[PDB]
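Q: If you scroll down you'll find the structure; I have some questions about it.
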Amino acid sequence: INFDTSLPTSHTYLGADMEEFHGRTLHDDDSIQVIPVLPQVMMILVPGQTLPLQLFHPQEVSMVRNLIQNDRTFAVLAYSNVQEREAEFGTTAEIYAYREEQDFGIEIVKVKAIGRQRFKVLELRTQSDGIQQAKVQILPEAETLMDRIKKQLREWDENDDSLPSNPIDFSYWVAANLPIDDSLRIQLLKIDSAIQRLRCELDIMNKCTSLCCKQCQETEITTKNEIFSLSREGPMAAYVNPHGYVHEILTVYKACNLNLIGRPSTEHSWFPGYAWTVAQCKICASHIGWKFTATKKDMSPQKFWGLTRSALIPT
Amino acid sequence: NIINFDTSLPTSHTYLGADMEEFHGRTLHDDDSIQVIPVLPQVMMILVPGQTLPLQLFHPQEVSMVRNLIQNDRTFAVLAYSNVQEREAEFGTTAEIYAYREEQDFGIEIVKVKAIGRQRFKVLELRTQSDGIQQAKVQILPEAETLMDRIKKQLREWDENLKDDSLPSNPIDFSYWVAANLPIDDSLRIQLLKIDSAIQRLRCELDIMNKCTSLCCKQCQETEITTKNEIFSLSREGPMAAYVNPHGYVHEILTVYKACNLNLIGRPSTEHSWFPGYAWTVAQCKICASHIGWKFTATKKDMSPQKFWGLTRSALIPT
Ligand SMILES: CNC(=O)COc1ccc([C@H]2CCC(=O)NC2=O)cc1
Ligand SMILES: CNC(=O)COc1ccc([C@H]2CCC(=O)NC2=O)cc1
Ligand SMILES: [Zn+2]
Ligand SMILES: [Zn+2]
């Protein structure tokens with residue numbers, strides 16, 4: 001495995017002149033705050049998880065510009081029902097990198113943020129100018145469980161320095177990287193105790209199955225056991241396509257029942273040194289993810305896949 | 001200068017998919033009536049009766065709303081924002097869905113729609129529900145052939161093809177064709193939409209045409225890019241039309257035969273092309289490198305014109 005696993009976390013495709021912020025805002029337990037939510041964000045976010053964004057609607061640009069002038073923190077709601085904008089919990093996201101640019105006269109803002117604190121939603125109110133403000137309450141934050149989880153993680157993929165040592169940070173690493181659906185992510189986000197969070201995760205890893213194509217609900221694509229981490233963030237990560245759409249990707253060493261489309265391409269690659277090719281379901285041709293292929297034959301691995309969470313469903 | 005290409009192809013939006021469902025039904029609201037019509041949250045374009053609006057919708061709340069629209073009157077409200085940055089709008093126009101197709105990419109439900117502007121309105125109430133959707137309480141508004149010939153005369157002096165069949169015979173439709181196709185900024189579009197009477201609209205448009213100057217790149221303002229005399233129409237919609245990029249972003253572009261102070265980026269491409277038979281290359285300002293639009297180049301030697309430019313309204317300001 002010869003590849004710098006610190007390059008993906010940099011999101012260099014998004015831009016390399018990104019202004020950086022080192023100030024850190026952290027709210028007290030049980031404190032009630034009013035935090036804006038970005039209307040296009042759909043992701044469930046946990047503390048320690050990074051969220052890259054590319055925004056071009058003038059209202060999102062203005063609100064990020066104002067956040068950058070202040071505490072740089074927005075609210076990422078854990079929607080139980082994104083079609084209905086229903087959410088009871090969420091995680092704050094603190095912008096740590098920022099970039100302005102223009103394209104065709106349209107002001108664009110590129111942002112890189114990281115989850116900081118869980119919160120319970122108290123009120124979701126929309127302003128007269130359309131922007132949404134959420135009144136939230138900041139929630140407060142067993143090495144046997146940790147060792148047991150780390151044990152079954154090594155059984156799935158041979159991956160210590162990669163995993164956090166603190167039980168709180170480790171519980172959130174596991175919550176954000178397990179190949180689980182949204183309902184289980186929200187279940188884990190509701191849990192207040194790291195001990196309880198780790199114990200629920202152990203139960204989830206054991207009931208885990210395999211990943212089928214959602215459009216088929218039949219054809220198996222990959223499994224926990226080919227999960228393969230190419231990034232310090234872990235085997236699961238959010239990346240932005242060239243037009244602002246955020247994909248959550250699970251990297252696996254081998255996949256089944258998948259065809260390729262088009263020509264391997266290096267543009268806007270989420271894994272520097274690698275080229276991507278659209279992978280679709282060999283049964284329904286539903287796009288599922290991308291196969292990445294080395295650009296220099298001196299790199300290991302030579303082939304790996306990055307499959308979107310949204311295209312997969314567990315058995 | 002002579003055209004050897006089917007100007008009815010661009011209006012079909014075949015790049016959006018050629019197997020679009022269509023609807024024969026037509027809904028029209030009574031004059032001076034209050035209607036409650038939903039507003040798509042990411043639409044930003046100023047719409048006029050008779051104008052086409054293509055869309056590609058990703059958000060599950062958008063596709064739910066449009067799915068429900070397809071099962072009802074297929075009509076949403078397009079606001080003419082004074083300030084998009086703050087959702088400030090006093091007038092608008094209804095858009096009726098006339099074509100539709102559902103897709104699914106990476107497990108994400110996708111809706112593509114082609115809609116046409118029908119009736120303009122004044123907004124009485126904008127109110128966002130609990131789920132986030134915006135509903136607009138609106139009042140449908142009620143709807144000198146010398147001005148018409150005077151308008152048409154200076155249109156021909158800009159482009160020869162803008163002559164007869166390319167232009168509507170009715171003064172109401174004609175004032176809306178002109179409002180949608182003049183190379184004017186958003187403040188003038190809103191001014192024309194506010195006008196209640198067609199004769200008043202036509203006379204305002206004649207005044208605007210006489211004061212029309214040139215189009216400069218927005219970022220640096222100094223460099224001219226094109227001018228009204230270089231306009232020429234390659235679609236039955238007219239010289240000005242909205243098209244969707246492959247990711248759902250709607251671009252309003254003006255087609256012109258010649259542009260200055262523009263460099264090109266890379267090699268021509270035929271993917272997702274808005275003008276079948278032509279390839280596109282990103283065009284950018286010579287001075288400040290800002291992307292301005294696209295140069296279109298024919299893929300066959302027997303096509304005419306062999307080259308033209310589609311320049312976005314958003315990158316251009318008047319002189
Ligand atoms: C016509 N265009 C489209 O439909 C969308 O185009 C895309 C979408 C996703 C990417 C990913 C691929 C993986 C990677 O490494 N980086 C990316 O941005 C690239 C282009
Ligand atoms: C990083 N950029 C991408 O991945 C692709 O972005 C685009 C944007 C606009 C187009 C237009 C060009 C003109 C035309 O005729 N059709 C289009 O769709 C095409 C691709
Ligand atoms: Zn399938
Ligand atoms: Zn310029």
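Simple scheme: letters A, B, ... for chains in structure tokens order, numbers from 1 for residues in each chain, numbers from 1 for ligands in the order shown.
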Output as CSV one row per residue of chain A within 7 Å of chain B: the closest atom pair and its distance in Å to one decimal place, counting only C-alpha atoms, sorted by chain and residue number ascending.
A:
```
residue,atom,partner,partner_atom,distance
A:58,CA,B:85,CA,4.8
A:59,CA,B:85,CA,4.7
A:82,CA,B:60,CA,6.8
A:83,CA,B:61,CA,4.5
A:84,CA,B:131,CA,5.2
A:85,CA,B:131,CA,5.4
A:103,CA,B:291,CA,5.8
A:104,CA,B:315,CA,4.6
A:105,CA,B:315,CA,4.2
A:106,CA,B:314,CA,6.8
A:129,CA,B:86,CA,5.1
A:130,CA,B:87,CA,6.7
A:214,CA,B:107,CA,6.5
A:215,CA,B:107,CA,6.9
A:243,CA,B:247,CA,6.6
A:286,CA,B:105,CA,6.3
A:287,CA,B:106,CA,5.0
A:288,CA,B:106,CA,5.1
A:308,CA,B:106,CA,6.8
A:310,CA,B:107,CA,5.2
A:311,CA,B:107,CA,4.2
```
Q: Env of stretch 193-201 of chain B: 8 Å cut, atoms = only C-alpha atoms, seq-sep filter 2 positions within chain, self excluded. Answer as JSON, numbers by chain.
A: {"B": [48, 91, 92, 120, 141, 142, 143, 144, 147, 171, 172, 175, 179, 189, 190, 191, 203, 204, 205]}
Q: For a quick check of understanding, using only C-alpha atoms, which of B:93, B:166, B:319, B:233 has the smallest distance to residue B:10?
A: B:233
Q: What is the atom CA of residue B:167 to atom CA of residue B:242 distance in Å?
A: 18.3 Å
Q: Collect all residues with atoms no farther than 6 Å from ligand 1, counting only C-alpha atoms and all ligand atoms, and output them as a PyMOL selection string.
A: (chain A and resi 241-242+268-271+276) or (chain B and resi 246)
Q: Got a sec: who's within 9 Å of residue A:133, counting only C-alpha atoms, leaving out chain neighbours fewer than 3 positions off, as a list in words?
A: residues 34, 35, 36, 37, 75, 123, 124, 125, 126 and 127 of chain A
Q: Put those residues in a file: N, CA and C atoms, as a JSON list (two decimals), in the first residue's frame.
A:
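The new file part-v2.json reads:
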```json
[["chain", "number", "residue", "atom", "x", "y", "z"],
["A", 34, "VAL", "N", -28.89, 29.66, 18.44],
["A", 34, "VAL", "CA", -29.57, 29.85, 17.16],
["A", 34, "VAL", "C", -28.50, 29.77, 16.08],
["A", 35, "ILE", "N", -28.58, 28.74, 15.25],
["A", 35, "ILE", "CA", -27.55, 28.46, 14.25],
["A", 35, "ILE", "C", -28.21, 28.28, 12.88],
["A", 36, "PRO", "N", -27.68, 28.90, 11.83],
["A", 36, "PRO", "CA", -28.28, 28.71, 10.50],
["A", 36, "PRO", "C", -27.98, 27.34, 9.93],
["A", 37, "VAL", "N", -28.90, 26.86, 9.09],
["A", 37, "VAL", "CA", -28.73, 25.60, 8.37],
["A", 37, "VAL", "C", -28.70, 25.90, 6.88],
["A", 75, "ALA", "N", -25.41, 24.62, 11.25],
["A", 75, "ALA", "CA", -26.04, 23.44, 11.82],
["A", 75, "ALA", "C", -26.36, 22.45, 10.71],
["A", 123, "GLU", "N", -36.37, 24.28, 17.78],
["A", 123, "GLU", "CA", -37.27, 25.00, 16.89],
["A", 123, "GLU", "C", -36.59, 25.18, 15.54],
["A", 124, "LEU", "N", -37.36, 25.00, 14.47],
["A", 124, "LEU", "CA", -36.89, 25.18, 13.10],
["A", 124, "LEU", "C", -37.76, 26.25, 12.45],
["A", 125, "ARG", "N", -37.25, 27.48, 12.38],
["A", 125, "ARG", "CA", -38.01, 28.62, 11.88],
["A", 125, "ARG", "C", -37.33, 29.21, 10.65],
["A", 126, "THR", "N", -38.14, 29.59, 9.67],
["A", 126, "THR", "CA", -37.65, 30.18, 8.43],
["A", 126, "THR", "C", -37.87, 31.69, 8.47],
["A", 127, "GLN", "N", -36.83, 32.44, 8.11],
["A", 127, "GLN", "CA", -36.89, 33.89, 8.17],
["A", 127, "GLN", "C", -37.74, 34.43, 7.02]]
```
Q: Going by DSSP on the backbone, which bits of stretch 124-279 of chain A are alpha helix (DSSP H)? Write them as a PDB file with N, CA, C and O atoms, in the first residue's frame, please.
A:
```
ATOM      1  N   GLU A 143     -12.433   0.277  27.569  1.00  0.00           N
ATOM      2  CA  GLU A 143     -11.517  -0.154  26.523  1.00  0.00           C
ATOM      3  C   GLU A 143     -11.774  -1.587  26.079  1.00  0.00           C
ATOM      4  O   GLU A 143     -11.196  -2.022  25.078  1.00  0.00           O
ATOM      5  N   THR A 144     -12.617  -2.326  26.801  1.00  0.00           N
ATOM      6  CA  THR A 144     -13.033  -3.643  26.332  1.00  0.00           C
ATOM      7  C   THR A 144     -13.851  -3.522  25.053  1.00  0.00           C
ATOM      8  O   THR A 144     -13.612  -4.242  24.076  1.00  0.00           O
ATOM      9  N   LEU A 145     -14.816  -2.600  25.040  1.00  0.00           N
ATOM     10  CA  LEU A 145     -15.616  -2.373  23.842  1.00  0.00           C
ATOM     11  C   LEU A 145     -14.753  -1.866  22.693  1.00  0.00           C
ATOM     12  O   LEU A 145     -14.916  -2.298  21.546  1.00  0.00           O
ATOM     13  N   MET A 146     -13.827  -0.949  22.985  1.00  0.00           N
ATOM     14  CA  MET A 146     -12.947  -0.417  21.949  1.00  0.00           C
ATOM     15  C   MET A 146     -12.075  -1.512  21.351  1.00  0.00           C
ATOM     16  O   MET A 146     -11.947  -1.621  20.125  1.00  0.00           O
ATOM     17  N   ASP A 147     -11.453  -2.327  22.207  1.00  0.00           N
ATOM     18  CA  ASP A 147     -10.599  -3.402  21.716  1.00  0.00           C
ATOM     19  C   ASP A 147     -11.401  -4.410  20.904  1.00  0.00           C
ATOM     20  O   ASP A 147     -10.924  -4.918  19.882  1.00  0.00           O
ATOM     21  N   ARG A 148     -12.628  -4.702  21.339  1.00  0.00           N
ATOM     22  CA  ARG A 148     -13.469  -5.645  20.610  1.00  0.00           C
ATOM     23  C   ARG A 148     -13.856  -5.098  19.240  1.00  0.00           C
ATOM     24  O   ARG A 148     -13.885  -5.844  18.253  1.00  0.00           O
ATOM     25  N   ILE A 149     -14.152  -3.799  19.158  1.00  0.00           N
ATOM     26  CA  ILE A 149     -14.504  -3.192  17.878  1.00  0.00           C
ATOM     27  C   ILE A 149     -13.285  -3.139  16.968  1.00  0.00           C
ATOM     28  O   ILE A 149     -13.348  -3.509  15.789  1.00  0.00           O
ATOM     29  N   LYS A 150     -12.157  -2.668  17.505  1.00  0.00           N
ATOM     30  CA  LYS A 150     -10.914  -2.650  16.744  1.00  0.00           C
ATOM     31  C   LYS A 150     -10.533  -4.045  16.271  1.00  0.00           C
ATOM     32  O   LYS A 150      -9.915  -4.196  15.209  1.00  0.00           O
ATOM     33  N   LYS A 151     -10.901  -5.074  17.038  1.00  0.00           N
ATOM     34  CA  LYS A 151     -10.615  -6.447  16.637  1.00  0.00           C
ATOM     35  C   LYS A 151     -11.386  -6.823  15.377  1.00  0.00           C
ATOM     36  O   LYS A 151     -10.798  -7.291  14.394  1.00  0.00           O
ATOM     37  N   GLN A 152     -12.707  -6.627  15.386  1.00  0.00           N
ATOM     38  CA  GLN A 152     -13.504  -6.968  14.214  1.00  0.00           C
ATOM     39  C   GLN A 152     -13.250  -6.025  13.046  1.00  0.00           C
ATOM     40  O   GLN A 152     -13.520  -6.396  11.899  1.00  0.00           O
ATOM     41  N   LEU A 153     -12.741  -4.820  13.309  1.00  0.00           N
ATOM     42  CA  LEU A 153     -12.350  -3.937  12.215  1.00  0.00           C
ATOM     43  C   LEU A 153     -11.140  -4.493  11.475  1.00  0.00           C
ATOM     44  O   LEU A 153     -11.090  -4.458  10.240  1.00  0.00           O
ATOM     45  N   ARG A 154     -10.158  -5.015  12.216  1.00  0.00           N
ATOM     46  CA  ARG A 154      -9.001  -5.639  11.581  1.00  0.00           C
ATOM     47  C   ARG A 154      -9.390  -6.901  10.824  1.00  0.00           C
ATOM     48  O   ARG A 154      -8.735  -7.257   9.838  1.00  0.00           O
ATOM     49  N   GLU A 155     -10.447  -7.588  11.265  1.00  0.00           N
ATOM     50  CA  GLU A 155     -10.932  -8.753  10.532  1.00  0.00           C
ATOM     51  C   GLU A 155     -11.526  -8.348   9.189  1.00  0.00           C
ATOM     52  O   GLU A 155     -11.394  -9.075   8.199  1.00  0.00           O
ATOM     53  N   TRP A 156     -12.191  -7.192   9.138  1.00  0.00           N
ATOM     54  CA  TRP A 156     -12.720  -6.692   7.873  1.00  0.00           C
ATOM     55  C   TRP A 156     -11.597  -6.195   6.972  1.00  0.00           C
ATOM     56  O   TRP A 156     -11.564  -6.502   5.774  1.00  0.00           O
ATOM     57  N   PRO A 167     -12.035   7.325  23.687  1.00  0.00           N
ATOM     58  CA  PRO A 167     -13.297   6.620  23.405  1.00  0.00           C
ATOM     59  C   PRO A 167     -14.362   7.487  22.753  1.00  0.00           C
ATOM     60  O   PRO A 167     -15.205   6.959  22.017  1.00  0.00           O
ATOM     61  N   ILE A 168     -14.362   8.797  23.002  1.00  0.00           N
ATOM     62  CA  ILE A 168     -15.356   9.661  22.372  1.00  0.00           C
ATOM     63  C   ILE A 168     -15.038   9.838  20.892  1.00  0.00           C
ATOM     64  O   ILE A 168     -15.886   9.596  20.026  1.00  0.00           O
ATOM     65  N   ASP A 169     -13.805  10.252  20.580  1.00  0.00           N
ATOM     66  CA  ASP A 169     -13.402  10.393  19.184  1.00  0.00           C
ATOM     67  C   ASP A 169     -13.523   9.077  18.430  1.00  0.00           C
ATOM     68  O   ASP A 169     -13.859   9.073  17.240  1.00  0.00           O
ATOM     69  N   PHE A 170     -13.264   7.953  19.102  1.00  0.00           N
ATOM     70  CA  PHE A 170     -13.316   6.662  18.426  1.00  0.00           C
ATOM     71  C   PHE A 170     -14.753   6.254  18.135  1.00  0.00           C
ATOM     72  O   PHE A 170     -15.038   5.672  17.082  1.00  0.00           O
ATOM     73  N   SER A 171     -15.675   6.558  19.052  1.00  0.00           N
ATOM     74  CA  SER A 171     -17.082   6.257  18.812  1.00  0.00           C
ATOM     75  C   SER A 171     -17.606   7.015  17.598  1.00  0.00           C
ATOM     76  O   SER A 171     -18.440   6.499  16.847  1.00  0.00           O
ATOM     77  N   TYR A 172     -17.128   8.242  17.391  1.00  0.00           N
ATOM     78  CA  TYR A 172     -17.586   9.027  16.252  1.00  0.00           C
ATOM     79  C   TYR A 172     -16.906   8.588  14.962  1.00  0.00           C
ATOM     80  O   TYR A 172     -17.530   8.623  13.894  1.00  0.00           O
ATOM     81  N   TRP A 173     -15.640   8.175  15.041  1.00  0.00           N
ATOM     82  CA  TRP A 173     -14.983   7.581  13.882  1.00  0.00           C
ATOM     83  C   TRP A 173     -15.756   6.366  13.393  1.00  0.00           C
ATOM     84  O   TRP A 173     -15.980   6.198  12.188  1.00  0.00           O
ATOM     85  N   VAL A 174     -16.172   5.507  14.325  1.00  0.00           N
ATOM     86  CA  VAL A 174     -16.896   4.295  13.962  1.00  0.00           C
ATOM     87  C   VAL A 174     -18.273   4.637  13.409  1.00  0.00           C
ATOM     88  O   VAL A 174     -18.715   4.062  12.407  1.00  0.00           O
ATOM     89  N   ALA A 175     -18.972   5.578  14.047  1.00  0.00           N
ATOM     90  CA  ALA A 175     -20.300   5.958  13.575  1.00  0.00           C
ATOM     91  C   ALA A 175     -20.253   6.491  12.146  1.00  0.00           C
ATOM     92  O   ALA A 175     -21.153   6.219  11.342  1.00  0.00           O
ATOM     93  N   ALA A 176     -19.209   7.246  11.810  1.00  0.00           N
ATOM     94  CA  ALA A 176     -19.128   7.869  10.496  1.00  0.00           C
ATOM     95  C   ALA A 176     -18.553   6.953   9.422  1.00  0.00           C
ATOM     96  O   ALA A 176     -18.597   7.316   8.241  1.00  0.00           O
ATOM     97  N   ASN A 177     -18.020   5.785   9.786  1.00  0.00           N
ATOM     98  CA  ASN A 177     -17.327   4.944   8.821  1.00  0.00           C
ATOM     99  C   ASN A 177     -17.933   3.559   8.644  1.00  0.00           C
ATOM    100  O   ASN A 177     -17.588   2.879   7.670  1.00  0.00           O
ATOM    101  N   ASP A 182     -29.026   5.249   7.042  1.00  0.00           N
ATOM    102  CA  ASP A 182     -29.226   6.519   7.738  1.00  0.00           C
ATOM    103  C   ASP A 182     -29.904   6.326   9.089  1.00  0.00           C
ATOM    104  O   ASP A 182     -29.586   7.033  10.053  1.00  0.00           O
ATOM    105  N   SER A 183     -30.849   5.386   9.178  1.00  0.00           N
ATOM    106  CA  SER A 183     -31.581   5.197  10.427  1.00  0.00           C
ATOM    107  C   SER A 183     -30.644   4.801  11.560  1.00  0.00           C
ATOM    108  O   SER A 183     -30.815   5.247  12.701  1.00  0.00           O
ATOM    109  N   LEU A 184     -29.634   3.978  11.261  1.00  0.00           N
ATOM    110  CA  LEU A 184     -28.671   3.588  12.285  1.00  0.00           C
ATOM    111  C   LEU A 184     -27.724   4.731  12.633  1.00  0.00           C
ATOM    112  O   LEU A 184     -27.283   4.835  13.785  1.00  0.00           O
ATOM    113  N   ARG A 185     -27.395   5.587  11.660  1.00  0.00           N
ATOM    114  CA  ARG A 185     -26.582   6.765  11.951  1.00  0.00           C
ATOM    115  C   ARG A 185     -27.297   7.700  12.921  1.00  0.00           C
ATOM    116  O   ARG A 185     -26.672   8.275  13.821  1.00  0.00           O
ATOM    117  N   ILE A 186     -28.606   7.878  12.737  1.00  0.00           N
ATOM    118  CA  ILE A 186     -29.374   8.745  13.623  1.00  0.00           C
ATOM    119  C   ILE A 186     -29.522   8.104  14.996  1.00  0.00           C
ATOM    120  O   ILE A 186     -29.462   8.787  16.027  1.00  0.00           O
ATOM    121  N   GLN A 187     -29.714   6.784  15.031  1.00  0.00           N
ATOM    122  CA  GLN A 187     -29.728   6.056  16.296  1.00  0.00           C
ATOM    123  C   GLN A 187     -28.452   6.320  17.091  1.00  0.00           C
ATOM    124  O   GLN A 187     -28.502   6.629  18.286  1.00  0.00           O
ATOM    125  N   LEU A 188     -27.295   6.225  16.431  1.00  0.00           N
ATOM    126  CA  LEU A 188     -26.029   6.454  17.123  1.00  0.00           C
ATOM    127  C   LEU A 188     -25.846   7.917  17.507  1.00  0.00           C
ATOM    128  O   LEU A 188     -25.234   8.212  18.539  1.00  0.00           O
ATOM    129  N   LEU A 189     -26.350   8.845  16.690  1.00  0.00           N
ATOM    130  CA  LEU A 189     -26.182  10.259  16.996  1.00  0.00           C
ATOM    131  C   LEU A 189     -27.010  10.671  18.207  1.00  0.00           C
ATOM    132  O   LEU A 189     -26.618  11.582  18.944  1.00  0.00           O
ATOM    133  N   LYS A 190     -28.153  10.013  18.424  1.00  0.00           N
ATOM    134  CA  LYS A 190     -28.986  10.294  19.589  1.00  0.00           C
ATOM    135  C   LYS A 190     -28.295   9.905  20.891  1.00  0.00           C
ATOM    136  O   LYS A 190     -28.531  10.537  21.927  1.00  0.00           O
ATOM    137  N   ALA A 194     -20.508   7.892  25.229  1.00  0.00           N
ATOM    138  CA  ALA A 194     -19.605   7.186  24.329  1.00  0.00           C
ATOM    139  C   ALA A 194     -19.604   5.692  24.618  1.00  0.00           C
ATOM    140  O   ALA A 194     -19.520   4.873  23.695  1.00  0.00           O
ATOM    141  N   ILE A 195     -19.701   5.320  25.897  1.00  0.00           N
ATOM    142  CA  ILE A 195     -19.773   3.908  26.265  1.00  0.00           C
ATOM    143  C   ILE A 195     -20.999   3.265  25.630  1.00  0.00           C
ATOM    144  O   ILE A 195     -20.915   2.197  25.013  1.00  0.00           O
ATOM    145  N   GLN A 196     -22.158   3.913  25.769  1.00  0.00           N
ATOM    146  CA  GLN A 196     -23.368   3.408  25.130  1.00  0.00           C
ATOM    147  C   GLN A 196     -23.244   3.448  23.613  1.00  0.00           C
ATOM    148  O   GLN A 196     -23.746   2.558  22.916  1.00  0.00           O
ATOM    149  N   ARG A 197     -22.579   4.477  23.084  1.00  0.00           N
ATOM    150  CA  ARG A 197     -22.402   4.593  21.640  1.00  0.00           C
ATOM    151  C   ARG A 197     -21.543   3.453  21.100  1.00  0.00           C
ATOM    152  O   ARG A 197     -21.881   2.843  20.078  1.00  0.00           O
ATOM    153  N   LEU A 198     -20.443   3.133  21.786  1.00  0.00           N
ATOM    154  CA  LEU A 198     -19.585   2.034  21.347  1.00  0.00           C
ATOM    155  C   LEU A 198     -20.299   0.691  21.454  1.00  0.00           C
ATOM    156  O   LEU A 198     -20.150  -0.169  20.579  1.00  0.00           O
ATOM    157  N   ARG A 199     -21.076   0.494  22.521  1.00  0.00           N
ATOM    158  CA  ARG A 199     -21.741  -0.789  22.727  1.00  0.00           C
ATOM    159  C   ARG A 199     -22.821  -1.024  21.676  1.00  0.00           C
ATOM    160  O   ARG A 199     -23.004  -2.154  21.206  1.00  0.00           O
ATOM    161  N   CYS A 200     -23.540   0.034  21.290  1.00  0.00           N
ATOM    162  CA  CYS A 200     -24.507  -0.079  20.203  1.00  0.00           C
ATOM    163  C   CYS A 200     -23.821  -0.357  18.871  1.00  0.00           C
ATOM    164  O   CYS A 200     -24.381  -1.056  18.018  1.00  0.00           O
ATOM    165  N   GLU A 201     -22.613   0.173  18.675  1.00  0.00           N
ATOM    166  CA  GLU A 201     -21.900  -0.055  17.422  1.00  0.00           C
ATOM    167  C   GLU A 201     -21.460  -1.507  17.298  1.00  0.00           C
ATOM    168  O   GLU A 201     -21.624  -2.122  16.239  1.00  0.00           O
ATOM    169  N   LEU A 202     -20.900  -2.071  18.374  1.00  0.00           N
ATOM    170  CA  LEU A 202     -20.563  -3.494  18.395  1.00  0.00           C
ATOM    171  C   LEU A 202     -21.748  -4.349  17.969  1.00  0.00           C
ATOM    172  O   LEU A 202     -21.608  -5.268  17.154  1.00  0.00           O
ATOM    173  N   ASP A 203     -22.931  -4.054  18.510  1.00  0.00           N
ATOM    174  CA  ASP A 203     -24.128  -4.782  18.108  1.00  0.00           C
ATOM    175  C   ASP A 203     -24.417  -4.607  16.624  1.00  0.00           C
ATOM    176  O   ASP A 203     -24.904  -5.537  15.975  1.00  0.00           O
ATOM    177  N   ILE A 204     -24.121  -3.430  16.067  1.00  0.00           N
ATOM    178  CA  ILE A 204     -24.426  -3.176  14.662  1.00  0.00           C
ATOM    179  C   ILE A 204     -23.441  -3.905  13.754  1.00  0.00           C
ATOM    180  O   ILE A 204     -23.836  -4.506  12.748  1.00  0.00           O
ATOM    181  N   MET A 205     -22.148  -3.864  14.091  1.00  0.00           N
ATOM    182  CA  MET A 205     -21.147  -4.564  13.287  1.00  0.00           C
ATOM    183  C   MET A 205     -21.463  -6.052  13.167  1.00  0.00           C
ATOM    184  O   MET A 205     -21.220  -6.661  12.119  1.00  0.00           O
ATOM    185  N   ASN A 206     -22.023  -6.653  14.220  1.00  0.00           N
ATOM    186  CA  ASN A 206     -22.289  -8.088  14.195  1.00  0.00           C
ATOM    187  C   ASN A 206     -23.508  -8.442  13.348  1.00  0.00           C
ATOM    188  O   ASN A 206     -23.543  -9.524  12.751  1.00  0.00           O
ATOM    189  N   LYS A 207     -24.508  -7.565  13.284  1.00  0.00           N
ATOM    190  CA  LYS A 207     -25.675  -7.794  12.442  1.00  0.00           C
ATOM    191  C   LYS A 207     -25.476  -7.312  11.013  1.00  0.00           C
ATOM    192  O   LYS A 207     -26.378  -7.489  10.187  1.00  0.00           O
TER     193      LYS A 207
END
```
Q: Would you kindly return, as a VMD selection string, each protein, DNA or RNA residue with an atom no farther than 12 Å from any atom of residue B:3, considering only C-alpha atoms and excluding same-chain residues fewer than 5 positions away?
A: chain B and resid 160 to 161 232 to 235 257 298 302 to 308
Q: So which one's closest to residue A:14, A:55, A:74, A:110, A:31? Using only C-alpha atoms, please.
A: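 The closest residue to residue A:14 is A:110.
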